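Each chain, letter by letter, is given below.
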Amino acid sequence: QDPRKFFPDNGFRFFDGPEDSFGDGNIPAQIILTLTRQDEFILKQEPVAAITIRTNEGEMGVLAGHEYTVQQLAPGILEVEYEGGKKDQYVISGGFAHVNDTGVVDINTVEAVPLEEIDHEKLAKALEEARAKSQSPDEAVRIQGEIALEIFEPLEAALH
Amino acid sequence: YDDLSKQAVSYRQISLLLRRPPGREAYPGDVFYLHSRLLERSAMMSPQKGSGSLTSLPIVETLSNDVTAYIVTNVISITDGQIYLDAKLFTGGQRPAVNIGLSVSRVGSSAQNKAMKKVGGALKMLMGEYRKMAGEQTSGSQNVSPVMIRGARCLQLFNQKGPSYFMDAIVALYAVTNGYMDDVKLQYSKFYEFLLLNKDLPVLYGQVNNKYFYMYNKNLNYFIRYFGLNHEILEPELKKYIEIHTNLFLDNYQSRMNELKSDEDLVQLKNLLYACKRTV
Amino acid sequence: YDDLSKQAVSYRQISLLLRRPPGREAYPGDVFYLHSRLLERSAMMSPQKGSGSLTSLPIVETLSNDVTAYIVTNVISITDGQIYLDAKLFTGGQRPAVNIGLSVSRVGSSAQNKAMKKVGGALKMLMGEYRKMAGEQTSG
Amino acid sequence: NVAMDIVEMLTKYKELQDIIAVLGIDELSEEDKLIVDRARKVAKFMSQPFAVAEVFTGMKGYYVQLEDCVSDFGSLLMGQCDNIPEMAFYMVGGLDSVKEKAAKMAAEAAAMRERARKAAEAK
Amino acid sequence: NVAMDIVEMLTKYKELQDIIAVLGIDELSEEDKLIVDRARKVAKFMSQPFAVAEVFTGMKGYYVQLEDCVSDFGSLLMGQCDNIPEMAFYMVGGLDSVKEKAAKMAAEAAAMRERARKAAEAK
Amino acid sequence: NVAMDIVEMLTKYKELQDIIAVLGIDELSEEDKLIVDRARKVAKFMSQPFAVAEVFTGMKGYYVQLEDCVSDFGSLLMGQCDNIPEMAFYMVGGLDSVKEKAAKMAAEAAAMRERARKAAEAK
Amino acid sequence: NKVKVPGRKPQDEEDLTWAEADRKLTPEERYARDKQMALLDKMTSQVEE
Amino acid sequence: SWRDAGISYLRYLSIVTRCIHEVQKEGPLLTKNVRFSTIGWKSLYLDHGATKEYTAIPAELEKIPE
Amino acid sequence: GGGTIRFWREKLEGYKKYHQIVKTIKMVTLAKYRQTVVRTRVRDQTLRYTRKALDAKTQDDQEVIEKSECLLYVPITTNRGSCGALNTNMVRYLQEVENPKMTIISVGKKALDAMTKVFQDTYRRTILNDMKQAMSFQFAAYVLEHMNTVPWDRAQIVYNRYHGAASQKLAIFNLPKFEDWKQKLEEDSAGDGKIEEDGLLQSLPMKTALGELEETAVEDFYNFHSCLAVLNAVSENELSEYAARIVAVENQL
């Protein structure tokens, strides 16, 4: 019998992740931001001046050389500020954000869509639907109302 | 009539050497009339003429399983039916290699027996249904249709070497069509038949409640032939022979068979079933 | 002519019974010449000849869509085009059941009218594409 | 129109054995599977037992009238009988004989179902 | 009985040629491709060298005795030898000669790997 | 040697033509897309006019010699005429004749730019 | 344990395939049966309801 | 809350994603994203010869595995 | 040769038919391939960081079987064929690796018939995504919910890696167990951070910071990153399915 014809590669290797160095020098001026939805990215290592995230603990701000920290993202919106003073906002559905000491932010989410692609019109109808589900006493429907409200309330407040 | 093609080569030889004009495939042309003269002499004669008869089993050799040669078509035209033997099936294991899709008989029930009408009419239905499914490599091993079971066991029973006595043939086919032989596996379909016909189990294991119906006597053929199996006096005794045969088989013999793991014993059991396929 | 395939059977009958030498499909040699004696009499005559014309629509029955047959081979070699009808389309509600690829008119446009050249020239540029698409697309 | 529509249907039916043999039935649209079943039902329905074939078929022949022979194809042509199974059309005459046969096959199926249950109850 | 089963196996392999020639062995059931991998072995085993054709096959000729001809087919038929590859049966006589040849091929094939290791390390 | 190189080129272009319709020209390497350009240039350069039809279609015909033709294809093969566009080789004869057409095309496009620039700047 | 291939021999599994049957028409037959049984199973329900 | 209800964090994120795909505007982006929320898959296990749906973990998100 | 000429007529017309039907597979396959090649431009970024957590040195097989009690394998197979040796090599690797303490939950119909016939009892079930809609994060989570039925120690996901249109090799994700991974996290976070295998990324600051993170959130961390791993496997195998089918179909033509 043939001794192990196959030798499959470790699929993790094809990626090129950061090498977290404890730092023997200065900090960059701008964070290298990478943001990813399900499989495809929207931003691949783009220079960015600062970024503001929403969390369960609350809302946080990230600058160059920010402390290495990791925590859950709460389902809401996200704000990104590039070096040119402009801004770009993205609705998300949870995820994890990793900020490197070198200034390389890797964000992984299940969804990412700008605010421009959402209308308050269609958003308004789903609100009272979620409220009726929340008020309808049923463990299978109450939570659905609560969760849809969790993502809609920051949008209703952000568009306004 | 062993090969009639060889009777046509001779007529060709004669006619061509006597300077008759050839024809298709170098035959003279009136070689149809030849076999026509020969074969229309077969008949079942009127009672005015004695109620005599002569059956004819002409044989025609075939090349590469074609039915497009001249003499072959000339004879299929004449003969009532045909027993087409396919080398793909002879070579594929089964003997006699009858191909049922191409073999028919233009008389049918009127020829065969009262007791065989009701079984053959069931086998035609069963094989017509199995013909549509048997191409499928069996996937629903437990979800297999009953037709996929009965048909395959019947194909095992079709495997013979020598002739089978009428009493000894039906009782093997009745079990199939009525599903007594469904718990056994395909490969043991003939050993079953052997015991069903030559080693009466209930006579051996004491389960004798049947008054008469046993396969040892061999004189029930005439009662079966006259009364039929689907008759009040023979149906229940028949079932109360076969269900006991099945239970004794499934319990004492089948059980021991599936417990064999060695190669010596399995090769011994192997050759036994081939012998059962020949003698039965 | 409805039809020439039977006319050739008649020439075969005559020639064989009068012991003329046979050939392919038991026909003689000059059975190509038989139909050339005939179809070439079709013409579009000259203005010195009244400008009259004799058109021909010879019918020839095929068998199992064979065109390698002797007579079909011959008449195709003679004719100024052909039309090819198909039973697989006749049954599918397509009547007249042409097969436009096998059907040919070497007289492409010189026959057509001013109003017809543009239209049919667009239809060629429509159906040649319709087949490349219809052939590759699924049933569904 | 019914006749030419059936001819037109069986043409496509041939073109779809040519595909199902290769790909599978799953590679066809639901609208295409429909005419597959209809052509497969017309092919089996246009069968008929004959009084002369009592020897071979083992069943009595049926005389089908012309008027009855159009309201049964045309019904099957426009999906009026798609709920009826396939084999109910096999070797029968008109459409009235079908529902008799289909009602039977339902009964002889319920028998094996409940007998399987009683087989489970016994053992 | 052995010959009957050999001929049967090849009767199935021939039917599967019409698929393998078209699609490939990868489109066959596990049972089917086992029969393929076994019928190929039988066919390659049927081959053997003769003392006359030594000029061509470049091998000495074997004389397979009858009793040793059946046990080999029976082992190859009952799946008693499936770990052996297909090519060990080509142009041999007797299963003992196979197992010798299979050792030869295993040795040479592994030696290519140690050799390629040295060719890679020196490179 | 020139002709055999053209046969190699156009053969490779047929293969890459079977790839472009599947993958896309961007899938091809930098070496392959160069011959995908030159093969198209060659095939367009085979297109020749005819003095026979000079009255019908209007364009002149070109009787091109043998040796001159080989130097032409050798230029298009050695890459020393690659800056010239594709359509300039369409319906011409001789490398000395296409360059007038290339100049004509460039002059025409430059006149269209000089027309558009001043027609847009005047308003 | 490798594969219990079907064969004429008893140790091998049961082969319910028939050489006379054609593989080309088998897929349509499978769809036909699987649909026909759905209609009968539903007909039982319709009669009960 | 939904935590002790028994559902997973991943079903939670997918619920949020479904809602986001609802409210967003009609266009090519929505054409892409409705695909990433629609449920069409299944599960099957092989009986002795037949196929059977392993219905112990449903695809829909309102239900709870048991 | 009347029967013979009609025989060859039938075969000839049957293959002229069969050819264009297979070509139809080809065109439909490219319609589904060009949609997915867009991923190639946008490839290899969602697990760029995730490796750093779930990656370790290449551990031998014979040792982990002794460490573990019930391993797990997830081969990602297809729903329709004419693909190639992807499914079959995926089976060959498992019989190459087969051992007592394994279990298989596959994906696709083609591991349904094959595995049960080769692996009788270890194989349990599969998952089937009719590819009318693209694959979702919720689908990979739905796969995690099946794997979580088992108290498995190491889950080797197996799939096909689209290196190019002409090469679709194998690739695996060796996922440790959560209760094992958390202990490895603490053990490695204590000592000094030295890479134990070439080509591996250092991850000491991460395994400290995750230690700062709460309990439920780290549970979600593991489940989330494993879901992304699963999803990348499914996506790579879809592209490899539609990339190997065109090859294994043009050879049929």
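Looking at the method and resolution fields of the entry, one finds cryo-EM and 3.04 Å.

This next bit is on the overall build of chain G. A tally of helices and strands in chain G yields 1 helix and 0 strands. C-alpha extents for chain G along the principal axes are approximately 50 × 25 × 15 Å. Every one of the 49 residues in chain G was classed for burial, and the buried ones make up 41%. Summing over all exposed atoms, chain G offers an accessible surface of approximately 3,000 Å²; the carbon and sulfur share of this is 50%. The centroid of the 10 positive side-chain charges in chain G is displaced by 7 Å from the centroid of its 12 negative side-chain charges.

Opposite the 7 residues of chain E that make contact, chain I presents 12 residues. Regarding the contact of chain E and chain I, the summed buried area is about 790 Å², with carbon and sulfur atoms giving 49% of it. For the interface between chain E and chain I, the tally reads 1 salt bridge. The closest approach of N and O atoms between I:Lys117 and E:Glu31, which form a salt bridge, is 3.2 Å. Inspection of the chain E/chain I interface yields 3 residue pairs in polar contact. Here the side of chain E that touches chain I is composed, by residue class, of 2 nonpolar, 1 polar and 4 charged.

Glancing now at the interface of chain I and chain A. In this assembly, 54 residues from chain I lie in contact with 40 residues from chain A. For the pair chain I and chain A, the two sides together bury roughly 4,300 Å², of which 60% comes from carbon and sulfur. The interface formed by chain I and chain A holds 6 salt bridges in total. Put simply, chain I and chain A have 18 residue pairs in polar contact between them. Here the residues of the side of chain I that touches chain A are counted per class, giving 26 nonpolar, 13 polar and 15 charged.

Now for the state of the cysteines. Under the counting rule described, the total for this entry stands at 0 disulfides over all chains. E:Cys81 carries a free sulfur, and the closest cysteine sulfur to it, the one in E:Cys69, is 13 Å from it.

Before going further, it helps to examine the layout of surface pockets. Counted as a void, the second largest pocket has a volume near 1,800 Å³. Lining the second largest pocket are 40 residues, with A:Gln1, A:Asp2, E:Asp82, E:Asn83 and I:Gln95 sitting closest to its centre. Listed by contribution, the elements that provide at least two residues to the lining of the second largest pocket are helix 2 (30-46) and helix 5 (95-122) of chain E together with helix 4 (86-97) of chain I. Tallied by class, the residues present in the lining of the second largest pocket amount to 17 nonpolar, 7 polar and 16 charged.

This next bit is on the sheet that holds strand 11 (residues 112-114) of chain A. All names here are of chain A. Taken together, the 5 strands give an open sheet; going across it, the order is 5-4-7-8-11, and neighbouring strands pair in antiparallel fashion. If you trace the sheet from one side to the other, it starts and ends with strand 5 (59-62) and strand 11, each paired once. Averaged over all neighbouring strand pairs, the angle between strand axes comes to 25°, with direction disregarded. Here strand 7 (residues 77-81) pairs with strand 8 (residues 87-92) via 5 bridges, running antiparallel. Following the sheet pairing, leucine 78 is matched in strand 8 by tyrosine 90.

For the rest of this paragraph, the subject is the sheet that holds strand 6 (residues 69-72) of chain A. Strands belonging to one sheet form pairs held by backbone hydrogen bonds; the direction of such a pair is parallel or antiparallel. All names here are of chain A. Strand order across the open sheet formed by 5 strands is 3-2-10-9-6, with mixed pairing between neighbours. Looking along the sheet, the strands with just one partner apiece sit at the ends: strand 3 (41-48) and strand 6. Each adjacent strand pair in this sheet contributes to an overall mean axis angle of 10°, direction not counted. Here 5 bridges tie strand 2 (residues 31-36) to strand 3, and the two strands are oriented antiparallel to one another. Pairing of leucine 33 across the sheet is with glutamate 46, part of strand 3.

Calculation rules
- Residues carry numbers counted from 1 along their chain as the sequence is written. These may differ from the entry numbering, and residues without coordinates are not shown.
- Naming scheme: in the order in which they are written, chains are lettered from A and ligands are numbered from 1.
- All values in this description refer to the chains shown, which are themselves only part of a larger assembly.
- The basis for every side-chain value is the complete set of non-hydrogen atoms in the structure, without hydrogens or water.
- Think of it this way: any DSSP run of H or I at least four residues long counts as a helix, any run of E at least two long counts as a strand, and we number them from the N terminus.
- Each residue is placed in one exposure class: buried if its accessible area under a 1.4 Å probe, protein chains only, is under 20% of its type's maximum, exposed if it is over 50%, and partly exposed if it falls in between.
- Each accessible area value is a Shrake-Rupley result obtained with a 1.4 Å probe; residue values ignore everything except the protein chains displayed when judging cover.
- Positive: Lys, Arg. Negative: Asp, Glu. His and the chain ends are not part of the count.
- Every charge is mapped to an atom, namely NZ of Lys, CZ of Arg, CG of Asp or CD of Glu.
- Should any heavy atoms of two residues lie within 4.5 Å, those residues are considered in contact.
- Accessible area that two parts lose when put together, evaluated with a 1.4 Å probe and summed over both, is termed the buried area.
- Salt bridge, as used here, is a side-chain nitrogen of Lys or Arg placed within 4 Å of a carboxyl oxygen of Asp or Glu.
- Throughout this description, a polar contact denotes any pair of N or O atoms lying within 3.5 Å of each other; where both atoms belong to protein, one of them has to be capable of donating a hydrogen while the other can accept it, and for residues adjacent in sequence the pair is counted only when both atoms sit in side chains.
- Under the grouping applied here, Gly and all other residues not named as nonpolar or charged are polar, the nonpolar ones being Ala, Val, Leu, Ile, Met, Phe, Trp, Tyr, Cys and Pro and the charged ones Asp, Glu, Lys and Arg.
- Put simply, a disulfide is two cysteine sulfurs that come within 2.5 Å.
- As defined here, a cavity is a set of points on a 1 Å grid over the protein atoms alone where a 1.4 Å probe fits but cannot get out. A pocket is an open set with protein on both sides within 12 Å along at least five of seven lines, and residues line them when an atom is within 4 Å of a point.
- Grid points are joined across faces, edges and corners, and a volume is the space filled by probe spheres set on the points.
- Two strands form a pair only when DSSP identifies at least two bridges running between them.
- The convention used is that axes are lines fitted to C-alpha atoms, helices contributing only their stretch in contact, and that angles between N-to-C directions extend from 0 to 180 degrees.

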